[PDB]
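Protein chains in written order, with the authors' numbering: chain S, 23 to 172; chain L, 23 to 172; chain N, 7 to 141; chain P, 1 to 39; chain T, 19 to 49; chain H, 1 to 81. Quick reminder that beta carbons are idealized off the backbone N, C-alpha and C, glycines included. The structure under discussion appears below in the form of structure tokens.
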Amino acid sequence: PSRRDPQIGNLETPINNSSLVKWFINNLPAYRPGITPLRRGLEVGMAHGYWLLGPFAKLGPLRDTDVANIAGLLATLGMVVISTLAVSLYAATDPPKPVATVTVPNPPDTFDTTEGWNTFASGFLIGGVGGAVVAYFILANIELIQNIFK
Amino acid sequence: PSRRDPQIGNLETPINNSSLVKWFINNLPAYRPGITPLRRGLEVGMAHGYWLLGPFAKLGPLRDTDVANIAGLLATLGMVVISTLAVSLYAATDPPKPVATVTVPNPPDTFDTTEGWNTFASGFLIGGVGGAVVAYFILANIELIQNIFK
Amino acid sequence: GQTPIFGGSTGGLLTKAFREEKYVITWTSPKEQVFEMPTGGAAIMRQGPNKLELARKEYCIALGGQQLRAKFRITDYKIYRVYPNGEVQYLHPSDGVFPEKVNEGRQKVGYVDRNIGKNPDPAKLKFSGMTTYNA
Amino acid sequence: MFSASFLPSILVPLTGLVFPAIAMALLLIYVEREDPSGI
Amino acid sequence: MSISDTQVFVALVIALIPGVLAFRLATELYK
Amino acid sequence: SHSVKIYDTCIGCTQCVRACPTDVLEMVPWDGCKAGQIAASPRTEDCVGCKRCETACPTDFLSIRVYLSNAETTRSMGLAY
Ligand SMILES: CC1=C(/C=C/C(C)=C/C=C/C(C)=C/C=C/C=C(C)/C=C/C=C(C)/C=C/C2=C(C)CCCC2(C)C)C(C)(C)CCC1
Ligand SMILES: CC1=C(/C=C/C(C)=C/C=C/C(C)=C/C=C/C=C(C)/C=C/C=C(C)/C=C/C2=C(C)CCCC2(C)C)C(C)(C)CCC1
Ligand SMILES: CC1=C(/C=C/C(C)=C/C=C/C(C)=C/C=C/C=C(C)/C=C/C=C(C)/C=C/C2=C(C)CCCC2(C)C)C(C)(C)CCC1
Ligand SMILES: CC1=C(/C=C/C(C)=C/C=C/C(C)=C/C=C/C=C(C)/C=C/C=C(C)/C=C/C2=C(C)CCCC2(C)C)C(C)(C)CCC1
Ligand code: SF4
Ligand code: SF4
């Protein structure tokens, strides 16, 4: 029982049409309705900039030096900057076939437009910086649990 | 060969109609299309608040004291605030001849309207604060290059 | 409206074949037997109408040439190109059973009936962009 | 070092990194231009 | 012996004569 | 797409028209030899470059040729995607 025709190159395997997964994928900030592209950018930046600093925080060539925290902070700062650069220029050259390939039962949203992409990139920048600083604060006091010692 | 008539008070000197300059002036955030007035305000604030803190940072009457960084920060904060105040009241009294003098071959954008001006001022405020803090961070660790020592 | 009995695959229609073009084929098969499809699959047809949707101008003509008339002798199949707007083209069949040589007078656009011994030349044909035909 | 100034310390990165960056960015947006104008 | 700000000088002779001269000799051929 | 080239040596066995899977040939009425109908290319735009056709041409120095051009597209390149 395919989506619309059993001869199309798609299959109804219980991993791409399971109710659990479709609910879990629909409400993501990339698709959940009732929001603005601004908030989408904010949240995606928050998340990614909140996790994309560890992978080199204690892993960088300055791994065990007494500064590496702010080092990883600066690194992920530049990282999110250049990522915003990339997405912005993609928007700049964006509009051949101004769509996104749709497989979710509904269209995602009107988020699919140039200036929408630009605003999204701005919100991405803001949220990414924010996630960066907040992760740096969580990690700042190595004693964050030592004061609790629990 | 004037723009439309050789008797008009305009001249085709190769400084106001050079292809380089027209490309460089068209794509500025004041004119480049495909964006919202919001982003315009954001970017202009970013730029100006990012440079308009040095001119008194080490130049103020507290020039060589051990605090002058945050001093210049507060100064440029108040500065951008009162600038936003000025532009907002200008918008408040704005609409005699609700246009801007046009010399770029095309009209700039629909940015020319009261509420547009207000939103622009808000984005200006946000971006200006942002540029301020980010410049203060670049300048915070005097050792920003000393750690690199390159 | 008849389509053969198949269990689904993974190589059917794509992001182009509904933004640029569609292909369809149909005939009359008064029997039901197992057959093979070029995207892979061994299935059964049904009596009379046999409608099938596809994306390439090669799977269809392969079915029409080798399967239908060379094995099942069926020869009443339309093959239809479809535009993005949903409108259709009727290229072939244009000669009934695609014999490709029989008619009482035929079309006439363009002719070159000349040997090769006198060929176009680089230094003689120059400062323009015509091809190897105009003498 | 010698009698020159800091310059050989930091003038490689912008030529090494940022000038290639703008080069390729401008180039890419150039290779997608509309018709019939292009800069 | 070696040199001084005079090297900032020899840098200054460039970026007007050779710089935009080569710029024009490039942009002549209609990008 | 690519260009097709016809000659006079078409005996008229018509093995090429039954070989091309791309519908780019037809035997238009001729008079010269016993053929009376010589092959030609009316529908070049669907040329593929397989050139299975002249391999089906038995004539000495096979009567058809294909000049493989440079103005390719999604049709001449043959993509399902
Ligand atoms: C979604 C998203 C994203 C993404 C983004 C995008 C998608 C972008 C991308 C983009 C990109 C990533 C791009 C890139 C590009 C590349 C390039 C642009 C290349 C380069 C080139 C070159 C280098 C050139 C060459 C040349 C030429 C062409 C001519 C002659 C000269 C030379 C040879 C030089 C992110 C991650 C942010 C995040 C999440 C979300
Ligand atoms: C388990 C699991 C998983 C994972 C997940 C995770 C683990 C997640 C995470 C979680 C979390 C938990 C995270 C997140 C968080 C975040 C945060 C928390 C952030 C925050 C930030 C912010 C909000 C910021 C803000 C700001 C800004 C933006 C600007 C200014 C400043 C401020 C600060 C205000 C998966 C998927 C695989 C699935 C399976 C299971
Ligand atoms: C665009 C822009 C801008 C600008 C803005 C504006 C345009 C503004 C304007 C504003 C203004 C320009 C204002 C002015 C005002 C003034 C005043 C208002 C004065 C005062 C007066 C008086 C003092 C009075 C007198 C009197 C009377 C009349 C009566 C009796 C009593 C007395 C004697 C008191 C900015 C830079 C921000 C930024 C960038 C962009
Ligand atoms: C004002 C001033 C200053 C500044 C200056 C500067 C920073 C300079 C710059 C410099 C520069 C800015 C330089 C450049 C150089 C140039 C050159 C070296 C070029 C050449 C080019 C060429 C040779 C090219 C070629 C070509 C090609 C490659 C392709 C095709 C086209 C052509 C052929 C054209 C200072 C503070 C010191 C002092 C005080 C005052
Ligand atoms: S080209 Fe070959 S197949 Fe075609 S008519 Fe001539 S001899 Fe027959
Ligand atoms: S490659 Fe040969 S057989 Fe195929 S369409 Fe072209 S001429 Fe006909």
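If you check the C-beta of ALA108 of chain L against ligand 3, you find a heavy atom less than 7 Å away. Proximity of the beta carbon of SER105 of chain L to ligand 3 is indicated: a heavy atom of the ligand is located closer than 7 Å.
In the structure shown, the three-state DSSP call for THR137 of chain N is coil.
In this structure the stretch 143 to 155 of chain L lies against the stretch 64 to 77 of chain L, because at least three pairs of beta carbons, one per stretch, are closer than 8 Å. When the beta-carbon positions are compared, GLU27 of chain N and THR14 of chain H stay at least 8 Å from each other.
Judged by DSSP in its simplified three-state form, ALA40 of chain H adopts strand. When DSSP assignments are scanned along the stretch 52 to 135 of chain S, the uninterrupted stretches of alpha helix (DSSP H) that are 4 or more residues long and fall wholly within it turn out to be 59 to 73, 76 to 79, 90 to 114. Closer than 8 Å at the C-beta level to chain H, one finds these residues of the stretch 65 to 99 of chain N: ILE67, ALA68, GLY71, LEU97, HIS98. Proximity to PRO130 of chain L across L:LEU161, L:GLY31, L:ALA108, L:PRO55 peaks at L:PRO55, based on C-alpha coordinates.
What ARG18 of chain H touches in chain N, judged by beta-carbon distance under 8 Å, is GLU106, going in chain order. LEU33 of chain S carries a coil assignment under DSSP once its states are collapsed to helix, strand and coil. Listed along chain L, the residues sitting closer than 9 Å to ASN140 of chain S by beta-carbon distance are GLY56, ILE57, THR58, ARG61.
Measuring C-alpha to C-alpha distances from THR132 of chain S to each of S:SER105, S:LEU161, S:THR58, S:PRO83 identifies S:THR58 as the nearest. Counting only heavy atoms of ligand 4, the residues whose C-beta sits closer than 7 Å to one of them are, along the chain, T:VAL26, T:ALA29, T:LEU30, T:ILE32, T:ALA33, T:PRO36, T:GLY37, T:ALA40, T:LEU43, T:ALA44.
Beta-carbon to beta-carbon, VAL24 of chain H and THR44 of chain H are separated by about 6 Å, close enough to satisfy the 8 Å threshold. In summary, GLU65 of chain S is buried, with 16 or more beta-carbon neighbours lying within 10 Å of its beta-carbon over all protein chains present. Under the Cβ criterion of 8 Å, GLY17 of chain N is counted among the residues facing chain S. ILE80 of chain N sits away from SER15 of chain N, with the two beta carbons spaced by 8 Å or more. The DSSP-derived three-state label of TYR65 of chain N is helix. Closest in C-alpha terms to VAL109 of chain L, from the list L:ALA69, L:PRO83, L:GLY63, L:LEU161, comes L:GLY63. Ranked by how close their Cα comes to the Cα of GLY149 of chain S, the residues S:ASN49, S:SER105, S:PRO36 have S:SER105 in first place. For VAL121 of chain L, the number of other beta carbons within 10 angstroms of its own is below 16, and it is reported as exposed. Nearest CB-CB separation between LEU64 of chain L and chain S: below the 8 Å threshold. At least one heavy atom of ligand 1 falls within 7 Å of the beta-carbon of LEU27 of chain P. The three-state secondary structure of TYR83 of chain N, taken from DSSP, is coil. One Cα belongs to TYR7 of chain H, the other to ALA40 of chain H, and the distance between them is close to 9 Å. Scanning its chain for C-beta atoms nearer than 7 Å, with the 5 sequence neighbours on each side dropped, one finds around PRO126 of chain N the residues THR138, in chain order. The closest CA to that of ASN109 of chain N, considering only H:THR22, H:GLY12, H:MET27, H:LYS5, is found on H:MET27. In this structure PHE41 of chain T is exposed. Its beta-carbon is surrounded by fewer than 16 other beta-carbon atoms within 10 angstroms. Between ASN56 of chain N and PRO128 of chain N, the CB-CB gap reaches or exceeds 8 Å.
Contacts with chain H at 8 Å (Cβ-Cβ) do not include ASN56 of chain N. Taking 8 Å as the cut-off, the Cβ atoms of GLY18 of chain N and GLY31 of chain S count as close.
Residue range 48 to 50 is occupied by the beta strand (DSSP E) that includes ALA48 of chain N.
The beta-carbon distance between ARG52 of chain H and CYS20 of chain H, rounded to whole angstroms, is 7 Å. This is short enough to meet the 8 Å contact definition. Not a single CB atom of chain L sits nearer than 8 Å to the CB of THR87 of chain S.
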